[PDB]
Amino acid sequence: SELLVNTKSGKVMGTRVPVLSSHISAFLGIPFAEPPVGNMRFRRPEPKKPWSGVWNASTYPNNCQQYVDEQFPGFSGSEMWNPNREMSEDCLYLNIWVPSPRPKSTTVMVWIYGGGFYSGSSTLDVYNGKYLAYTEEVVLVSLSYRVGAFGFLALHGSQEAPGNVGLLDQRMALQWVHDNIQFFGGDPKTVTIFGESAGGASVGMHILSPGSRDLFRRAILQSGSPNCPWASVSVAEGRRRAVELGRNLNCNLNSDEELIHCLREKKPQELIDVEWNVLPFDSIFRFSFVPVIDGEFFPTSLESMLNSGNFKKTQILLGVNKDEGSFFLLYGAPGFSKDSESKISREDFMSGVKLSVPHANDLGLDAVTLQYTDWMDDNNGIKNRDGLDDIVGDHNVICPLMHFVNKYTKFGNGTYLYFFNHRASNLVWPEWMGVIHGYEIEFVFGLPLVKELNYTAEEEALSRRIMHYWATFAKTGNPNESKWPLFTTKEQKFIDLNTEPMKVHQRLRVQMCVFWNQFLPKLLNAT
């Protein structure tokens, strides 16, 4: 049967889902690891002991324990990102959408969800891979990984909580995809892993980590790169926060064993409740438990790896949205509110920059302010708001990504860069927030095709183009069958991705990125 599939783990029974006046198969909730519960919490993922009998993959799996957002209870704009299933430590499962008739060998697209590494669900509605599968004839897999303490608590040195385990959960699902995707119609020699934010960052880490490079062919990174400042921590830092979390739970802190054991008796939500109390700064766009540069998953500093070509050479397609920071200002900067134009006074501006660049000394915060301030109109609220928006985004997404793209390209085999700048017509977030972080996702997965969603004709157009660019890149290493230029260090071309006739530009935010990538760090090192 088109829904019964055999895999090296056991048989799996999917279900067929209807899609745009048609249908496809969906094998949802196939497990790829032993449930990381009990004494296995914090431990590296374990392969799923095979099973016998048909595994019933007719419905979405639980979501990993995580911080649920209640900032705007009921507001769809934010709840659309909250776990829509029971959360459980038993969440390591993958979902596959397969065109019907089942292909014999098509390109595979594996989606790694975002969420600052503290959250994420492969079950969100915007991550519904059927329109892409259907529309582009690709096998869409979306995996899940442990987030939060559960996936990133790092007591480097113990094997009980080595850290990066949430990155190994992804590898592991990449492995299950390598080994079994052939029985679903997918070609394991043509899987493109793609992700947004912590997911696009994950993608780039699999591109760097030796033990993952072989499990996929191409990569698409959306609004994130392995080198984003919020993407990783030193082992010492990860240890500090690990201990600190212990303190907030009154754990014996005399040893990693007593520590890990205490943290394992704790119910999930107890860890979640104090999760944010461990950051070392009053900051915006920093999450507590993130990958640690351990010397195992990552051999040395991501930067020396970037510098020495020590990474998987292949083709990559990446980009950023216009207003990446708005979302984080709205949530943790004073002066911003969901319901006002959030015009910002210098007093609140000056506070926003301090939160955005937590590690800067005063001369540093002075350099940022000098660069992002219109001294000829310094008390404009609109300008202070937008200026703060560019600081949060340039510093945390746009510039670290530009650094990666320029370093990778030196050794890669084809880089394609976009700048997404389209505000969905039906966005329920305030206009001041612009083209928000995470809002390209819905175009990439084809929601603009389902009319009951109220997108506009041209937006439908744009979706289809984006799904084609993405699918067509997955299959061939090139987005084009109107050419989206190849990005080269010399010319630096990239393209806009909005409902207008595309246009090519060069040097995405150079002025600013020279500041953040070259000047600032030099400044902060001198002082």
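Throughout, we count residues from 1 along the sequence that is shown.
Per the record, residue 481 and residue 482 are separated by a gap of 4 to 9 residues from the deposited sequence that were not modelled. As recorded in the PDB entry, 501-509 is the stretch of 515-523 and 501-509 with the greater mean C-alpha temperature factor. According to the PDB record, 244-252 carries the higher mean C-alpha B-factor of the two stretches 428-436 and 244-252. Highest CA B-factor among the listed residues (375, 287, 194, 75): 375. Highest C-alpha temperature factor among 366, 347, 386, 237 per the entry: 347. Sorting the modelled residues of the chain by their CA temperature factor places residue 32 in the middle third. Annotation for residue 95: C-alpha temperature factor in the lowest third relative to the rest of the modelled chain, per the entry. When all modelled residues of the chain are sorted by CA temperature factor, residue 86 is found within the middle third.
Ranked against the other modelled residues of its chain, the C-alpha B-factor of residue 167 as given in the entry falls in the lowest third. When all modelled residues of the chain are sorted by CA temperature factor, residue 471 is found within the lowest third.
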